[PDB]
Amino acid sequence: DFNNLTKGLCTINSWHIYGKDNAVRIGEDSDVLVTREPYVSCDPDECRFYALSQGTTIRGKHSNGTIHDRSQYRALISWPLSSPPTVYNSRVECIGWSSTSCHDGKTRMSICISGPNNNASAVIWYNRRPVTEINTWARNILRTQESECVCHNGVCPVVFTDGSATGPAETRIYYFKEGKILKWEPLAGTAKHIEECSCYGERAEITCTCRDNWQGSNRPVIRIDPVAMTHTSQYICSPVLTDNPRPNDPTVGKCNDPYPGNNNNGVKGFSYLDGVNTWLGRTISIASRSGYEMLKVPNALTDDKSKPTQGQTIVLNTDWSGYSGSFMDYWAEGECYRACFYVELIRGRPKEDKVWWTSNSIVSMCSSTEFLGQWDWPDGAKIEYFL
């Protein structure tokens, strides 16, 4: 029966290693698929890894050029947790160069987007059959979250942007129930630009932390009520800035406008915004997608003077990172929702020229009420072995 967001978040007093696939290490001598934009998403019975295939293996010739985002040869695949995404084990969800996928308790909705830049469309699959289709409304790269959505009693909202990336676009919040559109609504609130939303839910409410590609170095937040099918947006108030590139941390930050400093750029990220129990991930570097850290900044959302009270490094500054996103196993046993997250560890081009490809690995963590010690989690491939 349909899942219902009835619990709240657990106390995050630290994070533990949940998954890790070592795909590029293993990809050096096995038939692993060139991927990017990963995520993790849970069924009632298993959790799996998800990414967009580039339709080729790493050591295969046709990997030269996989730095490009959109093509006819990409697809959404999922595979068993902590396994490299291989040719013989992956399952294709749908054919597309942007995606999101979530399970509603009853079965799973997966949405892939394809097309030329000016004539793209999305197909909503539900129970591995195509159900519903939607065309560009603004005719400029229709795109979605690049991580799992969240349902509540049958209703799974999904954020789409169609339009410019260096200026105003058109963002809709669609509400689906059984693959069918119930309703949609234009973006609202005070966020000036939305891209790559990273979402979760507890106590009958959904929270996405997205990406202002055009103006903000602080991240905008969409908060959705899946029952009333309404939403609102805002930015994160705290001055611990968390996009990338980003200027240095000020002592005061914006609640309702972009923080200026970098233009027309960023990276996918997430946050868990739960009062004093609020954490933020970011690249350590303000210039590259390098390093990854979590920071506990009580009332980040609303207290525009907040600064960290505790922290944890996931990946060292000398290691490469990339996208990151939220997920939770809503079907886990127990009293509260244990928060999880993933970082994409991109290897290859641009930052590593000697090779002609671009892939990534994954590392996944979930929280602990314990105060566990920390390690760091590099991709661990040796690029010279690919030369």
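We number the residues from 1 along the sequence you see.
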Revision key, fill the gap. Quick note on 129 to 137 and 165 to 173: per-entry mean CA temperature factor is higher in 165 to 173
Practice item. Could you settle it for me: does 33 to 41 or 353 to 361 have the higher average Cα B factor in the PDB entry? Key: 353 to 361
Study note, to complete from the structure: Comparing C-alpha B-factors across 207, 271, 306, 310 in this entry, the winner is 306
Point to revise | Top Cα B factor in the deposited entry, candidates 84, 115, 239, 216 | key: 216
Exercise for review: Taking the chain's C-alpha temperature factors as the reference, tell me which third residue 329 falls into: lowest, middle or highest.
Suggested key: middle
Practice item. Relative to the other modelled residues of the same chain, rank the CA B-factor of residue 264 and answer lowest, middle or highest third. Key: highest
Review point. Looking at the C-alpha B-factor of residue 223, is it in the lowest, middle or highest third of its chain?
Key: highest
Check your understanding: Based on the entry's values, in what third of the chain does the Cα temperature factor of residue 212 lie: lowest, middle or highest?
Key -> middle
Check your understanding: Taking the entry's C-alpha B-factors for this chain, is residue 12 in the lowest, middle or highest third?
Key -> middle
